[PDB]
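Since the structure comes first, as structure tokens, the remarks are kept for the end.
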Amino acid sequence: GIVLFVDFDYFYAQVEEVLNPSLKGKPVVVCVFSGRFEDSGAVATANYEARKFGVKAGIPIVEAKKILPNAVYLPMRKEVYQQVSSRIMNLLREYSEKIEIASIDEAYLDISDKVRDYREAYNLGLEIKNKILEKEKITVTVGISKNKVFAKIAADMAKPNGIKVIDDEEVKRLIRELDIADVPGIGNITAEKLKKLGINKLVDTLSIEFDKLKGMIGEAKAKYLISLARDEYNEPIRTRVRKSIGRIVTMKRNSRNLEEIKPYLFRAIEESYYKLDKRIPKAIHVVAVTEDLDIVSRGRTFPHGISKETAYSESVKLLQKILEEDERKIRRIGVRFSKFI
DNA sequence: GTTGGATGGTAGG
DNA sequence: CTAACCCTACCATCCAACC
Ligand SMILES: Nc1nc2c(ncn2[C@H]2C[C@H](O)[C@@H](COP(=O)(O)OP(=O)(O)OP(=O)(O)O)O2)c(=O)[nH]1
Ligand SMILES: [Ca+2]
Ligand SMILES: [Ca+2]
Ligand SMILES: [Ca+2]
């Protein structure tokens, strides 16, 4: 069982460099402008030239411009990166039909029936990389291991423009050596709970009574971690199926006024319904982000599919339901559809 | 004794 | 308006309905 994982390098920015070769070699920052004020919004991603100065996904644009005034700031174009992505995902399809698309820039190929061993996987990996570079002019990073988790880790070690195998040896070693916060799915809240406990390595999780582990991090992560340490984790590559689709936008200024908010919410339903694409949902949720950035939502599930007419009506009720139960003002508003037929 | 809906927490793209 | 966009997956909790 060999899994190969591909993750595109600084994707959004790379696509702009390809689309405009004069940018290449100098700082580039791809932004989501929010409309509230001059240069408001956040960074979606930056090239490595820019990361050298502290500019990464998530920081505010005005922060980016503080520390890197002279870089090139480009509005985000989602449609463009998604067509390049789809073209790339199709190239990958010619190397294994057994493909799991994980996000707009990464995919898992199960390559067992294509290669006899790690050495061949590596070669196939080099072949994938050239293919993509030839057809799309995009560099990527490749991770190869016996499962999804470790293929992901191997890639994280190799970025950017890399390729790395973690063979059955190294898997055994990393279950002992690797800091536990480097396990995909272990973020900041969970790492704290584990270090306060004295779990620093995947291996430590077999040295602790299951219920205390489960008591702290929850059942599912516990099973996840323990499964990973027994070297039994074997969750297969599966064709992903969107479970929800939605959209949320930022308002020019904070509001509580249903009339002032309404057109924002409706924009979101329109876009949302466009992306639905023949999918009928039974569940609608209105999501609202507040002044202090806390996220609040109100929903409903119908025994039956929701039409675009119903969505407009139910969402307005739900918005009011929010305004009713939370007295904070609203800063971003949107909607999320789920539970398809 | 377990669905599952409503809501929120966590993680990561 | 004075920083914090953006989209999705999975899980936990509290709560009800079933039976
Ligand atoms: N709007 C927004 N978009 C993001 C954010 N994080 C990632 N993206 C988008 C932009 C990235 O180019 C793309 C892929 O994200 P990645 O996590 O793989 O990092 P990226 O490819 O940009 O650099 P790479 O070498 O992986 O590290 O997804 C974010 O916080 N906000
Ligand atoms: Ca990437
Ligand atoms: Ca990625
Ligand atoms: Ca981590």
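Residue numbering for the first sequence is -12 to 328, as defined by this note's numbering. We put the CB at the ideal spot given by N, CA and C, even for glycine.
The count of Cβ pairs closer than 8 Å, one atom from the segment 177 to 196 and one from the segment 210 to 223, reaches three, so the stretches are in contact. Chain order is used for the residues whose beta-carbon lies nearer than 6 Å to a heavy atom of ligand 1, namely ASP(-6), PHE(-5), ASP(-4), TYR(-3), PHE(-2), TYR(-1), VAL19, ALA31, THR32, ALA44, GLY45, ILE91, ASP92, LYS146, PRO147.
No heavy atom of ligand 4 is found nearer than 7 Å to the CB of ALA142. Counted as a single uninterrupted DSSP element, the alpha helix (DSSP H) harbouring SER302 occupies residues 295 to 312.
In this structure, the C-beta of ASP155 stays at least 7 Å away from each heavy atom of ligand 4. Per the C-alpha coordinates, the member of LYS52, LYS118, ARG287 positioned closest to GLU81 is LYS118.
For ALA275, the shortest C-beta to heavy atom distance toward ligand 4 is 7 Å or greater. Per DSSP, the beta-bridge partners of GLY286 are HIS272. In this structure, the C-beta of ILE186 stays at least 7 Å away from each heavy atom of ligand 4. Under the Cβ criterion (8 Å, minimum of three pairs), the segment 23 to 33 counts as touching the segment -4 to 6.
Counting along the chain, the unbroken alpha helix (DSSP H) around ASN77 starts and ends at 65 to 80.
Per DSSP, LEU193 lies in no alpha helix (DSSP H) and is assigned neither H nor E. Closest by C-alpha distance to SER72, out of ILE125, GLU258, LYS139, is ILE125. For the options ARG287, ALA298, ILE271, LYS249, the alpha carbon positioned closest to that of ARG318 is the one of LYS249.
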